[PDB]
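Visitor:
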Amino acid sequence: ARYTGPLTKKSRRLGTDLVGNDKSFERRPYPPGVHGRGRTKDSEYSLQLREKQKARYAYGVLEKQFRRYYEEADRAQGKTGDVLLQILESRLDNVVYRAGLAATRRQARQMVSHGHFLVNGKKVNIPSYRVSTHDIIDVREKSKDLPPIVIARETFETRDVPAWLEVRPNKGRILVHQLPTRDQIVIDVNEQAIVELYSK
Amino acid sequence: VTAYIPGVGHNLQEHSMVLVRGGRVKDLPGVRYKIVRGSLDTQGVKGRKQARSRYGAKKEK
Amino acid sequence: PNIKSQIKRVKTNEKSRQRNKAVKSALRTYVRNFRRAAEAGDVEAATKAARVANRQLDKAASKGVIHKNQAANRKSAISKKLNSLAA
Amino acid sequence: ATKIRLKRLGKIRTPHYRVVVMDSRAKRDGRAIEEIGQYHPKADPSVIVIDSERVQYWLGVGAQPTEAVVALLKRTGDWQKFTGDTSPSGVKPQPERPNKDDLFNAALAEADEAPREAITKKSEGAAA
RNA sequence: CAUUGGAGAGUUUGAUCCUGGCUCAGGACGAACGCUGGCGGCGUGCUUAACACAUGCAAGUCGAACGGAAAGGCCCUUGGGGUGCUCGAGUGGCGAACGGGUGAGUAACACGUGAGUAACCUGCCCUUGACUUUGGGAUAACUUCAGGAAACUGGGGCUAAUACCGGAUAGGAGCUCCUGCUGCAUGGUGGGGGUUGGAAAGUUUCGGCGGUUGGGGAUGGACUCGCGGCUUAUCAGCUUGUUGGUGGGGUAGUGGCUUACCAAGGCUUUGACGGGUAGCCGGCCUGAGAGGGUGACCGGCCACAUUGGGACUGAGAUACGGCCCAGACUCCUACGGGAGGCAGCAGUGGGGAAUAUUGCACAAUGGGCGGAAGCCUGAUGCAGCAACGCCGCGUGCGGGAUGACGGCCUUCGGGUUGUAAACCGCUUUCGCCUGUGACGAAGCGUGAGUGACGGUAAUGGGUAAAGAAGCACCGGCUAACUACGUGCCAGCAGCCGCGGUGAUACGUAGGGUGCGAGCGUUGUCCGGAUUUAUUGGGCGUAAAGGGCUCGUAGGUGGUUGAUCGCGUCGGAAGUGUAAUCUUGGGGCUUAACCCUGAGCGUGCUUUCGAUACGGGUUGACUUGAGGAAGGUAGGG
RNA sequence: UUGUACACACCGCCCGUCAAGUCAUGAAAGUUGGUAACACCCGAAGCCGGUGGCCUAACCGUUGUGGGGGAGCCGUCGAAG
Ligand SMILES: [Mg+2]
Ligand SMILES: [Mg+2]
Ligand SMILES: [Mg+2]
Ligand SMILES: [Mg+2]
Ligand SMILES: [Mg+2]
Ligand SMILES: [Mg+2]
Ligand SMILES: [Mg+2]
Ligand SMILES: [Mg+2]
Ligand SMILES: [Mg+2]
Ligand SMILES: [Mg+2]
Ligand SMILES: [Mg+2]
Ligand SMILES: [Mg+2]
Ligand SMILES: [Mg+2]
Ligand SMILES: [Mg+2]
Ligand SMILES: [Mg+2]
Ligand SMILES: [Mg+2]
Ligand SMILES: [Mg+2]
Ligand SMILES: [Mg+2]
Ligand SMILES: [Mg+2]
Ligand SMILES: [Mg+2]
Ligand SMILES: [Mg+2]
Ligand SMILES: [Mg+2]
Ligand SMILES: [Mg+2]
Ligand SMILES: [Mg+2]
Ligand SMILES: [Mg+2]
Ligand SMILES: [Mg+2]
Ligand SMILES: [Mg+2]
Ligand SMILES: [Mg+2]
Ligand SMILES: [Mg+2]
Ligand SMILES: [Mg+2]
Ligand SMILES: [Mg+2]
Ligand SMILES: [Mg+2]
Ligand SMILES: [Mg+2]
Ligand SMILES: [Mg+2]
Ligand SMILES: [Mg+2]
Ligand SMILES: [Mg+2]
Ligand SMILES: [Mg+2]
Ligand SMILES: [Mg+2]
Ligand SMILES: [Mg+2]
Ligand SMILES: [Mg+2]
Ligand SMILES: [Mg+2]
Ligand SMILES: [Mg+2]
Ligand SMILES: [Mg+2]
Ligand SMILES: [Mg+2]
Ligand SMILES: [Mg+2]
Ligand SMILES: [Mg+2]
């Protein structure tokens, strides 16, 4: 119920950097496997499916839960892709990643599932915990000196925190100013393509 | 009814108890059912390594 | 029966059936006596029989052998017949 | 007889009762003549909401409460208004009150010791 | 004075366009099967044989109604005190008609919805007005006798009641007569008079708890009715208590419900009668919607309890764990005769592709009895079992080029598996080990005490990157390709098709893709299918205009005045339980799930308005239509 | 240029008997079941309607009994056969 295999293979297949940089993605222009350099047809399904899989492997969400997110966004009022990206960003592991306390979303999932975090006073070990507005995520007092935590404390200045979060790095406290908007989620997929895909 | 027996390999014979599922064989007039390999007397195809579940072949170490 | 409550109940049901049957048969006999007096056309005999039958119908209704509505219906029939006889 | 009783609802190991009015012969979780209140005992200082006018009407018309509903009416004070008896009538204590916006504004500004205990944990990694 | 909603593809030809079927991509399930399988949360789990059932349990309770004393318990030289609590068996009261099960029957006022009863009954409960009077005779238990293998049965004697039966006294019960106000026809209701009548029970630990009868309330039931929801005309006639009337009877009650007499009706091509299938619904699935399919859990109504029939008791009966008779079954028998009904819970056999434990507790909620403590509760709360469904989590995280070996491919250059590994540093959710340890109980109990679930959830500590990944697919639709083997063989396939020696379609391998504790297959339903087209199709040649006309029912209607207000439209009130569903808040660490507010409940009834249109009633007009007179053509 | 059902292109396409095999279906002397009823005969339980010479503690007595009830019996209906 969690993808544990290599991520560079998925990034190469999907054609975009799922996470990180300056890595084995120097072989980017071609998917993994023996048949990587051949010319591709890329149907509309192919395109749509690529966008959906890009979002899925970026956020570490499997198909059933991603589908559930899709119906929630579709029911919600407003743009379906905007709401879907808003939900995926409101996931707690992504919140930790965006605040910059984790090197990657996989590391954020690791620490969240291991329970190194407090949500507004209550301990949460659910990576899919949907953080609500005005929430206060806190690092567990016992685990305020994790090696990944201190690496993040050394590196966060380079990292860019989105406008909808406030982070007290050394304190391990992520204040949620508001639930993010499409202009605030970084554009790296085609949510419109995903929405069109979930209609066929 | 007449039932097809899929897969390379066959053991079932006269008065062998079988499980019969739906399924048409297009180039066979009058065959509208197939025999479920790996159930009751009929057994899985011997040398399967791909699509084993559809032929009732247990996984090999 | 399989329940001792139910065995007790069949015994008491038989007892109540005897009681109710006796009372109903007495009611029927009294009403028949009034009807035969009315057919004979007597006035005093029919009046006395009607009084007796109505009193017994009310007594049975009080005892619960018959419903008060049934007692009222039969009393009404008897009284109307007696009035027709008098007229 | 008409009863004022509790109709069980909710999950396994999580009961929420509806103080309802129905006759004795009816099944426990069935059609009710009227729904009067709710009773959540699983929650802290159990929640007890009873419609005073309706419960007074049903008591005055002759509905018989179950012992649980008698306890709830004692706590709501209805069991004293009807069948006047000397009982404490301990109207439910509230199950306290949290808040979110005030805490967020308190911490947004908290700053100071936020990043301050934060550089203290910097000294901690030093100690780490 | 805007919308929350609609995707196609393949295949007829040498090629094309159209028509058109077939097939597929989606969703779903009370599913089964194959391979595989870690955990948790919440649900669900005989759809077939309404098949036959071993065993335990599922309905009892009351000594504050009664005689009592067979047990325990106190007091006494072992019996004895019924003496006090207590208490088998027995009378008596109440309950047993609820709860629980199943869906066989039923095409029907069974159900949904809305009304009517001036045709109704209603124990316990609440309320209010009267009362609770005077007598008497038995009987179970017990005792004795006789009979029976048993089940048990019949005598003799004996005994108590809130058991049973006389009487008195009591309206709004019968009959009848005045009179007030009135409805919807039968009528309803207020007041007075005459006449004939109808009850009861006592008990206590003195704190209680009960009895009878009027009138209201609440509750539950009953009947009647308008409207609504299957198929079949290769079923056209059906009915004789049948349709109506009058008198009687009956019933809680109206009624051919029943009866006697009289009449000859009643239903039906707008489908009676017959056949087929089926419990109905709130809902569920699907769908843009309209619809289509469906009636598991949960909730409402109905029906049924071995098959058929019947009543009895009761406030109330298809009387599941009642009775009687018959049939079919099973069992006991001493052969004379007896006993029984899991579609209650668990369970067995059987059938089947297929569906669980002969579990714990009355702690919570609900129910029965008791004044109460309390007793009973296979309702229910729980646990066990199964990936059956939904949801959540894990099987690691960061770094790591020297792009290592090894597989596989190759153009022998290399490429690929692949940051994958090795290696380095981390983290400890779940699992395993160990500690702490609940809520549910503002209950209950005079108190003492009191949680089945349960050492459970939750949580601290410890272990090791470890105990934890499979399944399908890769010609097109359709995301993903090569090598080797095979050689129209073996085989594949949902359709098009593939295999005849270079197979991206068979088999294996490497690589890849989609999903993931699941993944596929089969079955079934809806979608796509506008492929029954009301929304939303057509009929010259593609399937489709009757051979033609007349004409019945039916459908439909030129201009206009007046009026009705049935359709139609707009308010109001009532109803549409709950759950579900949509949505706003809240709780479970999140989610599923749960609670709560609102909406929805697409209707129906009542009532008040509007009168443009449809229709009804009614009156005009002549242009449609027909007629008169004259003219007139023709193988009618 | 005209016609066409040919496009493997007239050495094309294509129709029906007969012969062989396979599958589904119709008829058929008959044969074997099932369901739903009908008309009669008989008719248990039971309710109802009669009757009751037998049996009867409460009621009344002119205290020899009577009233009323019950067993039994008959009749209608009536499942099954
Ligand atoms: Mg007699
Ligand atoms: Mg009468
Ligand atoms: Mg053609
Ligand atoms: Mg072709
Ligand atoms: Mg006893
Ligand atoms: Mg029921
Ligand atoms: Mg049902
Ligand atoms: Mg009495
Ligand atoms: Mg109808
Ligand atoms: Mg009549
Ligand atoms: Mg049926
Ligand atoms: Mg239906
Ligand atoms: Mg049900
Ligand atoms: Mg009765
Ligand atoms: Mg019973
Ligand atoms: Mg019952
Ligand atoms: Mg039974
Ligand atoms: Mg069972
Ligand atoms: Mg079997
Ligand atoms: Mg209780
Ligand atoms: Mg108590
Ligand atoms: Mg018991
Ligand atoms: Mg492709
Ligand atoms: Mg080859
Ligand atoms: Mg359609
Ligand atoms: Mg279809
Ligand atoms: Mg068409
Ligand atoms: Mg036309
Ligand atoms: Mg044609
Ligand atoms: Mg024509
Ligand atoms: Mg013709
Ligand atoms: Mg006409
Ligand atoms: Mg007109
Ligand atoms: Mg007009
Ligand atoms: Mg709700
Ligand atoms: Mg929440
Ligand atoms: Mg509702
Ligand atoms: Mg008109
Ligand atoms: Mg002329
Ligand atoms: Mg051709
Ligand atoms: Mg034939
Ligand atoms: Mg006869
Ligand atoms: Mg008789
Ligand atoms: Mg006599
Ligand atoms: Mg007879
Ligand atoms: Mg018969």
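Just so you know, the sequences run in chain order A, B, C and D.
Residues 2 to 201 (full-length UniProt numbering) make up the first sequence, in order.
Residues 63 to 123 (full-length UniProt numbering) make up the second sequence, in order.
Residues 2 to 88 (full-length UniProt numbering) make up the third sequence, in order.
Residues 2 to 129 (full-length UniProt numbering) make up the fourth sequence, in order.
Beta carbons are placed, not taken as given, at the ideal position from N, Cα and C, and that holds for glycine.
#1: Give me the chain D residues within the contact set of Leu176 (chain A), using Cβ-Cβ distance strictly less than 8 angstroms, ordered along the chain.
#2: 9 angstroms is my cut-off, CB to CB: does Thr15 (chain D) come that close to chain A?
#3: Does the segment 38–56 of chain D touch the segment 91–104 of chain D, meaning 3 or more C-beta pairs lie closer than 8 angstroms?
#4: Going along the chain, which residues of its own chain have a beta-carbon closer than 8 angstroms to the beta-carbon of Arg141 (chain A), five neighbours each way excluded?
#5: Which parts of the segment 42–128 of chain A are runs of the alpha helix (DSSP H), unbroken and 4 residues or longer, counting only runs that do not cross its ends?
#6: Which whole-angstrom value describes the C-beta separation of residue 1 (chain C) and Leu58 (chain C), a residue pair presumed to lie in contact below a C-beta threshold of 8 angstroms?
#7: Which ranges does the beta strand (DSSP E) cover as unbroken runs of at least 3 residues, wholly within the segment 33–93 of chain D, from first to last along the chain?
#8: Which partner residues does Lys122 (chain D) have in the DSSP bridge list?
#9: Look up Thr15 (chain D) in the DSSP assignment and give the residues it is bridged to.
#10: Is the Cβ of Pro96 (chain D) closer than 9 angstroms to any Cβ of chain A?
#11: Leaving aside the five residues before and after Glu111 (chain D) along the sequence, list all residues of the same chain whose C-beta is less than 8 angstroms from its C-beta, in chain order.
#12: Which residue wins for smallest C-alpha separation from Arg29 (chain C), given the options C:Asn55, C:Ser85, C:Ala87?
#13: I need the boundaries of the alpha helix (DSSP H) containing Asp23 (chain A), first residue and last residue.
#14: Name the two residues that bound the continuous alpha helix (DSSP H) containing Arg20 (chain C).
#15: Name the chain A residues that come within less than 7 angstroms of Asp102 (chain D), Cβ to Cβ?
#16: What does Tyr4 (chain A) pair with, by DSSP beta-bridge criteria?
#17: Would you check if the distance between the CB atom of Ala153 (chain A) and the CB atom of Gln185 (chain A) is smaller than 9 angstroms?
#18: Would you mind working out which of A:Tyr31, A:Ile188, A:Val187, A:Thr182 sits nearest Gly79 (chain A), comparing C-alpha positions?
#19: Relative to the C-alpha of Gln108 (chain A), which residue among A:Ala59, A:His178, A:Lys11 is closest?
#20: Should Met79 (chain B) go down as buried or exposed, given a rule of 16 or more other Cβ atoms within 10 Å for buried?
#21: Where does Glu158 (chain A) land, buried or exposed, given buried means 16+ other C-beta within 10 angstroms?
#22: At what residues does the alpha helix (DSSP H) containing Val151 (chain A) begin and finish?
#23: Could you have a look at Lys143 (chain A) and say whether DSSP puts it in helix, strand or coil?
#24: Can you say whether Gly42 (chain C) is buried or exposed, counting buried as having 16 or more other CB atoms within 10 angstroms of its CB?
#25: Express the C-alpha separation of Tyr199 (chain A) and residue 250 (chain A) in angstroms, rounding to a whole number.
#26: Rounded to a whole number of angstroms, what is the C-alpha to C-alpha distance between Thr156 (chain A) and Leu10 (chain D)?
#27: Comparing C-alpha positions only, which one of B:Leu90, B:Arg110, B:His77, B:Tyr117 sits nearest to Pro68 (chain B)?
#28: If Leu15 (chain A) and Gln54 (chain A) are in contact, beta carbons under 8 angstroms, what's the gap, nearest whole angstrom?
#29: Could you tell me the boundaries of the alpha helix (DSSP H) in which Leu102 (chain B) lies?
#30: Using 8 angstroms for Cβ pairs, my map puts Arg76 (chain A) next to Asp94 (chain A). What's the rounded Cβ distance?
#31: I need the straight-line Cα distance from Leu104 (chain D) to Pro128 (chain A), nearest angstrom please.
#32: May I ask you to report which of helix, strand or coil DSSP gives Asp24 (chain D)?
#33: List, from N- to C-terminal side, the alpha helix (DSSP H) runs of 4 residues or more that fit wholly inside the UniProt region "Disordered" (68–88) of chain C.
#34: I'd like the list of long-range same chain contacts for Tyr31 (chain A), defined as Cβ closer than 8 angstroms, with 5 residues on each side in sequence excluded.
#35: Are any of the Cβ atoms in chain D nearer than 9 angstroms to that of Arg169 (chain A)?
Guide: Straight from the coordinates:
#1: The residue given as residue 176 (chain A) occupies position 175 in the first sequence. Correct list: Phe105, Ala108, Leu109.
#2: For this step, residue 15 (chain D) is matched to residue 14 along the fourth sequence. Not closer than 9 angstroms to any Cβ of chain A, the Cβ of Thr15 (chain D) fails to qualify, so no.
#3: Yes: at least three Cβ pairs fall under 8 angstroms.
#4: Working through the first sequence from its first residue, we reach residue 141 (chain A) at position 140. The answer, listed in chain order, is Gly116, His117, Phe118, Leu119, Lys124.
#5: Every alpha helix (DSSP H) stretch that sits fully inside the segment 42–128 of chain A and reaches 4 residues is listed by chain position as 45–60, 64–76, 81–91, 93–100, 106–114.
#6: Past the edges of chain C, shown from 2 to 88, lies residue 1 (chain C), and the structure says nothing about it.
#7: Every beta strand (DSSP E) of 3 residues or more that sits fully in the segment 33–93 of chain D is shown, in chain order, as 35–41, 48–51.
#8: By one-based count along the fourth sequence, residue 122 (chain D) stands at place 121. Answer is none; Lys122 (chain D) lacks a bridge partner.
#9: Locating residue 15 (chain D) in the fourth sequence gives position 14, where the first residue counts as 1. Beta-bridge annotation (DSSP): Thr15 (chain D) is paired with D:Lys12.
#10: Locating residue 96 (chain D) in the fourth sequence gives position 95, counting from the first residue. Interface criterion not met: the Cβ of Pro96 (chain D) is under 9 angstroms from no Cβ in chain A.
#11: For the purposes of this step, residue 111 (chain D) is identified with residue 110 of the fourth sequence, where counting begins at 1. There are no such residues.
#12: Position 28 of the third sequence, counted from the start, is the residue given in the question as residue 29 (chain C). Per the Cα distances, C:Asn55.
#13: Against the first sequence, residue 23 (chain A) aligns to sequence position 22. Careful: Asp23 (chain A) lies outside any alpha helix (DSSP H) and carries neither H nor E.
#14: Counting from 1 along the third sequence, the entry for residue 20 (chain C) is found at position 19. Start and end: 5–41.
#15: Numbered from its first residue, the fourth sequence carries residue 102 (chain D) at position 101. Within 7 angstroms Cβ-Cβ: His135.
#16: Here the question's residue 4 (chain A) lines up with position 3 in the first sequence. Bridge partners of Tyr4 (chain A): none, in fact.
#17: By one-based count along the first sequence, residue 153 (chain A) stands at place 152. By one-based count along the first sequence, residue 185 (chain A) stands at place 184. Taking 9 angstroms as the Cβ cut-off, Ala153 (chain A) and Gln185 (chain A) do not qualify as a contacting pair.
#18: As a position in the first sequence, residue 79 (chain A) is number 78, starting the count at 1. Ranking the options by Cα distance to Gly79 (chain A), first place goes to A:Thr182.
#19: To locate residue 108 (chain A), count along the first sequence from 1; it is residue 107. Here the closest residue by C-alpha is A:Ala59.
#20: What you label residue 79 (chain B) is simply residue 17 of the second sequence in a count that begins at 1. So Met79 (chain B) counts as exposed.
#21: Counting from one through the first sequence, the residue named residue 158 (chain A) turns up at place 157. By the 10 Å Cβ count, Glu158 (chain A) comes out exposed.
#22: Reading the first sequence from its first residue, position 150 is the one you call residue 151 (chain A). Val151 (chain A): member of the alpha helix (DSSP H) spanning 148–156, first to last residue.
#23: Here the question's residue 143 (chain A) lines up with position 142 in the first sequence. Correct three-state label for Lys143 (chain A): coil.
#24: Here the question's residue 42 (chain C) lines up with position 41 in the third sequence. Result: exposed.
#25: There is no way to answer for residue 250 (chain A), as the model of chain A reaches only from 2 to 201.
#26: Within the first sequence, numbered from 1, the residue matching residue 156 (chain A) stands at position 155. Within the fourth sequence, numbered from 1, the residue matching residue 10 (chain D) stands at position 9. For the pair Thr156 (chain A) and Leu10 (chain D), the Cα-to-Cα distance works out to about 52 angstroms.
#27: Position 6 of the second sequence holds residue 68 (chain B). Closest option to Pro68 (chain B), Cα to Cα, is B:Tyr117.
#28: To locate residue 15 (chain A), count along the first sequence from 1; it is residue 14. To locate residue 54 (chain A), count along the first sequence from 1; it is residue 53. Between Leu15 (chain A) and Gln54 (chain A), the beta carbon gap of about 6 angstroms places them in contact (Cβ cut-off 8 angstroms).
#29: Taking the second sequence and counting its residues from 1, the one referred to as residue 102 (chain B) is at position 40. Unbroken run through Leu102 (chain B): none, as it is neither H nor E.
#30: Locating residue 76 (chain A) in the first sequence gives position 75, where the first residue counts as 1. Locating residue 94 (chain A) in the first sequence gives position 93, where the first residue counts as 1. 24 angstroms between Cβ atoms; not a contact.
#31: The residue labelled residue 104 (chain D) in the question sits at position 103 within the fourth sequence. The residue labelled residue 128 (chain A) in the question sits at position 127 within the first sequence. In this structure, the CA atom of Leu104 (chain D) is about 24 angstroms from the CA atom of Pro128 (chain A).
#32: By 1-based counting over the fourth sequence, the position of residue 24 (chain D) is 23. Residue state, collapsed to three classes: strand.
#33: 69–87, all fully within the UniProt region "Disordered" (68–88) of chain C.
#34: Locating residue 31 (chain A) in the first sequence gives position 30, counting from the first residue. Excluding sequence neighbours, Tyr31 (chain A) sits near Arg13, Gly37, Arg38.
#35: Reading the first sequence from its first residue, position 168 is the one you call residue 169 (chain A). Closer than 9 angstroms: yes.
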